[PDB]
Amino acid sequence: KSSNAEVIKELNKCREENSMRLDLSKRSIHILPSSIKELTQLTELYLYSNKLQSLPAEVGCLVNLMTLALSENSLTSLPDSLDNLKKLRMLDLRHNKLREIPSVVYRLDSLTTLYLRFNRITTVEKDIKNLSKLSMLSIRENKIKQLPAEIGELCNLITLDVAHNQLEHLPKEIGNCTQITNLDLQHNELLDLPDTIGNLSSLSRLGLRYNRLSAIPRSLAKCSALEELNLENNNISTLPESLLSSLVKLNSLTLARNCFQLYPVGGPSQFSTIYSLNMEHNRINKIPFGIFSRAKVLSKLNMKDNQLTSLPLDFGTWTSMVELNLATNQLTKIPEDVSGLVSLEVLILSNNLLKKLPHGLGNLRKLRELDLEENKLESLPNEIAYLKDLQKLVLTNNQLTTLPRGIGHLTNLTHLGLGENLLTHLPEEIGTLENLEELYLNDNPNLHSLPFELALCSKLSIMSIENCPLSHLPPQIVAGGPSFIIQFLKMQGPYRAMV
């Protein structure tokens, strides 16, 4: 926190030393003294994180400024004298109180970097064409309803970020900005995209999440540099056929929360380089046979909350998959071919209609997380003993009456979620779960026993048993809750000497 006199002391130091950078940031300055006009040797002025509500016209004397950093102040305007900054390359105005781009900024035609994030800007003037050297323009988190056609005169634009505004369309002249590689349009109101979009042959990241798009232009097939395309939460029900076949480096695609009833049509060429595929919250009724036969590096597929009633014949060929989310479908069984997924670390199957699991589940030797909550499981296969990497197993609200004795081979298991089942007892093999930390048993109205070997679980720090009768245990013990129950199992069981 600097007083006026301290700020003066710092300007006088900087001009004395003929320094080219003056940093007065993070100082709670309310006013910048006029004396800064003497610092004509300055090429960089940092004034960010202060309490400035106005910038003195004297700053326009800093004829050699290349960088002016003004973020996190309360500026609502800039002096016209900033005309004189003929070399200003970068201007940073985010987190201020601008209701507009100050009109002088449109005369700083040497700018290549303009940051206006988090303001209240409502307009971008036709004059934006004066700034033909801009390569990075960021106006996200403002109140822009429209981009002018003059935006197409920024042929050096590399990064255009207009996230979190109110755009309903884009000017077709945006297609003249053929150098754009990062275009973020998330959280607007976009009703469509112009067909000139395919001109952007260097575009590699296109963010369209949270808009009102109902269709994609077939021209998007020509953005062959695309590496990541996010269309989450629009109203898209189909893609032009073989659009994705044309996207030869696409590696991350999100179609979540749209209107799809099928996969995009066009054969396995669509997903050959795909690494992450997010299609949750649609009505996709099947995974086509063959779509991932070329997807050498597919490793995250999210199909949560669709209309899957089974899995395709070639499902076990997805041998590089790491995370597979199939929750909130209508699956009635998992095919024995699940055993092919030797890379699988995360399997999410919650809230389907499963009564049993396949034997092949035991071949998933890398599986770390298995989420089976809200099914109808009536038993666990004995092959679960071979899930040697299993660390989290969630079974909340199934129909289990017991566990397989093989469950005690799961020595990496830290979290066992058994709440809301029909358990009558746990196996004595519970006791070799060396790393068990969390055991949830709440709401098992038929569980009248706990095995003594639960005392052998030396890392057990969390247990719930609310609404379990436990009537083979002394009433006042189980009334005391988990601390007394575990204490009773350790001191009054056969392992008293080794725990």
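When you see a residue number, it is the position in the sequence shown, counting from 1.
Colleague: Averaging only over Cα atoms, indicate whether 134-142 or 240-248 has the higher B-factor in the PDB entry.
Modeller: The entry gives the higher C-alpha B-factor average to 240-248.
Colleague: Between 424-432 and 319-327, point out the one with the higher average CA B-factor as the PDB entry records it.
Modeller: Comparing 424-432 with 319-327, the higher mean C-alpha B-factor belongs to 424-432.
Colleague: By the entry's C-alpha temperature factors, tell me which of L347, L418, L298, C177 sits highest.
Modeller: Highest C-alpha B-factor among the listed options: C177.
Colleague: Compare the CA B factors listed in the entry for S269, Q399, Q307, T254 and report the winner.
Modeller: Reading the PDB entry, the winner on C-alpha B-factor is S269.
Colleague: Considering only modelled residues of the same chain, in which third does the CA B-factor of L200 rank: lowest, middle or highest?
Modeller: Within its chain, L200 is a highest-third residue by C-alpha B-factor, going by the deposited values.
Colleague: By the record's CA B-factor, is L447 among the lowest, middle or highest third of residues in the chain?
Modeller: It falls in the top third of the chain.
Colleague: Could you look up the Cα B-factor of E438 in the entry and say which third of the chain it sits in: lowest, middle or highest?
Modeller: Within its chain, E438 is a lowest-third residue by C-alpha B-factor, going by the deposited values.
Colleague: What third of its chain's C-alpha B-factors does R117 belong to: lowest, middle or highest?
Modeller: Tercile = middle for this residue's CA B-factor.
Colleague: Please place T123 in the lowest, middle or highest third of its chain according to the CA B-factor in the PDB entry.
Modeller: CA B-factor rank for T123: highest third.
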